[PDB]
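Trainee:
Residue numbers (the entry's author numbering), protein chains in the order written: chain B, 1 to 19, 25 to 157; chain A, 3 to 19, 25 to 157; chain B', 1 to 19, 25 to 157; chain A', 3 to 19, 25 to 157. A prime marks a further copy of an entry chain.
Structure below.
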């Protein structure tokens with residue numbers, strides 16, 4: 001804006017640990038589809054998002070755990086009339102680490118989830134005005150932490 | 003479009019049901040005045056905002072009842088700003104209200120003020136600023152939301 | 001955002017000179038009324054704005070020329086259904102200085118102006134999406150330059 | 003609201019009447040490719056954007072006709088960015104088109120490219136960034152608008 005030539009966005013989070026490999030999808034114009042995986046005994050083990058980028062899909066990088074045995078879930082949104090209004094979940098200890106154990110996504114049409122274990126410390130982000138336009142965080146054995154880009 | 007500017011708003015935390028208030032959006036935050044009762048919840052809320060480099064005293068949002076302990080949080084504006092807001096919501100006398108609040112800045116943690124029981128919530132901010140508050144207060148702070156901006 | 005506790009806004013301009026006393030109203034939530042003055046032989050000699058601040062009026066500081074003999078004009082907008090869509094005007098030389106000689110304001114309802122002398126170099130700012138929420142600039146004998154804060 | 007994010011858009015400059028295009032909004036600008044004819048106006052426009060730290064090659068928006076001179080503006084991203092866009096609009100063969108463009112960065116001025124006659128326009132930016140282009144191109148660039156962001 002007055003410093004560098006890189007546009008800035010509001011970012012909220014992280015929820016989870018403060019430790025595992027960092028990832029950052031950056032900011033887009035909306036969300037078409039979310040793919041994740043979970044294990045009902047542990048935590049979240051995958052995140053991949055199909056973003057909107059100015060009217061067309063942009064397939065985000067797959068952020069995958071090192072370990073196997075997760076159950077995949079696909080959330081296909083009726084884009085653009087359907088959009089996420091609230092994200093909630095739980096953080097908790099697994100094998101000595103604080104990780105994201107559960108996620109739920111509430112849209113204007115449906116509630117998707119909870120996926121994973123609803124045990125530990127809850128968190129929730131309701132949005133009165135604005136949109137989630139991006140994800141970042143960290144994943145090793147499980148999803149350690151995550152933050153969200155918010156925009157008008 | 004309408005002729006009124008808009009900003010990101012997150013929340014509400016607390017009830018999903025008091026007198027509603029909406030301060031709107033400002034340039035920043037200079038001072039927060041709140042009150043709490045270590046047996047019940049948060050009562051009063053009043054914020055001194057920044058408006059383009061001058062203090063702007065927000066309306067006092069007061070509980071209907073007395074018996075609260077007042078707290079003043081005077082921030083070192085503009086170098087000090089809130090990076091995380093956390094608290095607890097829970098039942099008090101049949102109503103779900105905001106029982107506890109804590110404010111973490113880049114300099115210091117303020118609180119918890121009130122009762123730390125019920126369901127926790129937290130809003131950490133990686134990039135951006137809280138620039139306003141809205142919500143509802145009856146006997147206690149029933150709910151609140153926050154305006155966020157760059 | 002990540003540096004200080006002061007919120008930032010897009011600012012466009014200046015139009016006019018690069019020199025006279027600087028003023029900066031800062032950013033608000035909308036515009037209710039604009040007051041200006043002009044002299045048909047010279048340039049713009051006054052600017053004062055009644056802003057909206059979260060649903061109520063905020064009377065901006067009067068930014069007045071040192072000299073006398075201007076014709077006042079008051080633009081009372083039907084706030085909030087009426088808002089400015091385009092600002093245009095002219096910059097030009099008066100008495101050896103580059104100054105703002107003319108202004109016109111086009112809203113979704115009416116065109117107000119031109120006020121002043123339509124002579125010199127034209128400029129125009131049409132807005133497809135967004136709002137003018139603030140003014141800054143410089144005024145001495147005449148309005149030397151001005152910029153505008155823009156917001157969603 | 004809708005599920006699509008929005009940004010400030012200023013413009014259009016040029017005609018108020025070609026094939027319309029809309030690149031949308033990105034993280035920043037790495038490279039601009041344009042073409043001009045020193046007798047008529049601007050023809051082609053194509054932008055390499057930044058998308059979250061990677062180059063993103065925007066669609067080539069080409070004139071229907073040939074005979075243009077190509078120009079490449081390779082910015083030193085992210086330290087170099089555009090601070091002002093100026094140009095001229097005027098009649099060419101019955102159509103009001105964008106005849107000239109110049110780009111001023113914090114490092115250098117690029118242009119003018121094309122014909123500097125007609126009605127001037129300029130957009131200087133004190134705070135913020137150009138993050139996208141839209142408009143219409145027939146024989147020439149008929150009009151264009153710019154996405155602005157922090």
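Where a beta carbon is used, it is the ideal one built from N, C-alpha and C, also for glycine.
Output needed for residue 154 of chain A': all residues of its chain with C-beta closer than 6 Å, excluding positions within five of it in sequence on either side, in chain order.
Mentor: Leaving aside the five residues that flank residue 154 of chain A' on each side, the residues in its chain whose CB is nearer than 6 Å to its CB run, in chain order, 9, 11, 32, 138, 139.
Trainee: Which whole runs of the beta strand (DSSP E) in the segment 69 to 95 of chain A are 3 residues long or more, in chain order?
Mentor: 76 to 81
Trainee: Looking at chain A, is there any beta carbon in it that lies within less than 7 Å of the beta carbon of residue 85 of chain B'?
Mentor: yes
Trainee: Could you pull out every residue in the same chain whose Cβ sits closer than 8 Å to the Cβ of residue 66 of chain A, ignoring the five residues on either side in sequence?
Mentor: Answer for residue 66 of chain A: 28, 30, 53, listed in chain order.
Trainee: For residue 27 of chain B', report the span of its beta strand (DSSP E) as first-last.
Mentor: Residue 27 of chain B' -> beta strand (DSSP E) spans 26 to 29.
Trainee: Can you tell me whether DSSP reads residue 38 of chain A' as helix, strand or coil?
Mentor: strand
Trainee: Taking Cβ-Cβ distances below 9 Å as the criterion, which residues of the segment 44 to 70 of chain B are in contact with chain A?
Mentor: Within the segment 44 to 70 of chain B, no residue has its Cβ closer than 9 Å to any Cβ of chain A.
Trainee: Determine the burial state of residue 14 of chain A': buried for a count of at least 16 other Cβ atoms within 10 Å of its Cβ, exposed for fewer.
Mentor: buried
Trainee: Comparing C-alpha positions only, which one of B':109, B':74, B':130 sits nearest to residue 16 of chain A'?
Mentor: B':130
Trainee: Counting contacts by CB-CB distance shorter than 7 Å, is residue 148 of chain A' in contact with chain B?
Mentor: Chain B, which has no Cβ nearer than 7 Å to the Cβ of residue 148 of chain A', makes this no.
Trainee: For the segment 128 to 142 of chain A', enumerate the residues whose C-beta is nearer than 7 Å to any C-beta of chain B', in chain order.
Mentor: 128, 129, 130, 131, 132, 133, 134, 135
Trainee: Would you mind sorting residue 64 of chain A into buried or exposed? The rule is 16 or more other CB atoms within 10 Å of its CB.
Mentor: exposed
Trainee: Going by CA-CA distance only, name the one from B':4, B':111, B':121 that's closest to residue 82 of chain A.
Mentor: B':4
Trainee: Going along the chain, which residues of its own chain have a beta-carbon closer than 7 Å to the beta-carbon of residue 80 of chain A, five neighbours each way excluded?
Mentor: 38, 39, 110, 117
Trainee: Check whether the Cβ of residue 11 of chain B' lies closer than 7 Å to any Cβ atom in chain A'.
Mentor: yes
Trainee: If you run the structure through DSSP and keep just helix, strand and coil, what is residue 61 of chain A?
Mentor: strand
Trainee: Counting only Cβ pairs nearer than 8 Å, list the residues of chain A close to residue 126 of chain B.
Mentor: 127
Trainee: Determine the extent of the beta strand (DSSP E) in which residue 151 of chain B' is found, giving its start and end residues.
Mentor: 148 to 156
Trainee: In whole angstroms, what is the alpha-carbon distance linking residue 103 of chain A' and residue 143 of chain A'?
Mentor: 12 Å
Trainee: Below 8 Å on C-beta distance, what does residue 4 of chain A contact in chain B'?
Mentor: 85, 86, 88
Trainee: Counting contacts by CB-CB distance shorter than 7 Å, is residue 42 of chain B' in contact with chain A'?
Mentor: no
Trainee: Using a C-beta cutoff of 7 Å, does residue 152 of chain B count as contacting chain A'?
Mentor: Not a single CB atom of chain A' sits nearer than 7 Å to the CB of residue 152 of chain B.
Trainee: Going by DSSP, name the residue or residues bridged to residue 131 of chain A'.
Mentor: A':91
Trainee: Report, in whole angstroms, the separation of the C-beta atoms of residue 76 of chain B and residue 42 of chain B, which I expect to be a contact under 8 Å.
Mentor: 6 Å
Trainee: For residue 62 of chain A', collect the residues of the same chain with a Cβ closer than 6 Å to its Cβ; drop the 5 residues on either side in sequence, then sort them by chain order.
Mentor: 37, 55
Trainee: Would you list the one or two residues that DSSP bridges to residue 121 of chain B?
Mentor: Note: residue 121 of chain B sits in a beta bridge opposite B:107.
Trainee: Can you say whether residue 59 of chain B is buried or exposed, counting buried as having 16 or more other CB atoms within 10 angstroms of its CB?
Mentor: buried
Trainee: Hey, how far is the Cα of residue 68 of chain A' from the Cα of residue 150 of chain A'?
Mentor: 12 Å
Trainee: Out of A:156, A:98, A:136, A:132, point me to the one whose CA is closest to residue 46 of chain A's CA.
Mentor: The shortest C-alpha separation from residue 46 of chain A is found at A:98.
Trainee: Output needed for residue 125 of chain A': all residues of its chain with C-beta closer than 6 Å, excluding positions within five of it in sequence on either side, in chain order.
Mentor: 95, 96, 97, 106
Trainee: Roughly how many angstroms lie between the CA atoms of residue 78 of chain A and residue 132 of chain B, to the nearest whole one?
Mentor: 28 Å
Trainee: Against chain B, with Cβ distances strictly below 7 Å, would residue 157 of chain B' count as a contact?
Mentor: yes
Trainee: Examine chain A' for any beta-carbon lying closer than 7 Å to the beta-carbon of residue 31 of chain B, and answer yes or no.
Mentor: yes
Trainee: Report the partner residues of residue 51 of chain B according to the DSSP bridge assignment.
Mentor: Paired residues: B:42, B:69.
Trainee: Among B':100, B':25, B':120, B':57, which one has its Cα closest to the Cα of residue 87 of chain B'?
Mentor: B':57
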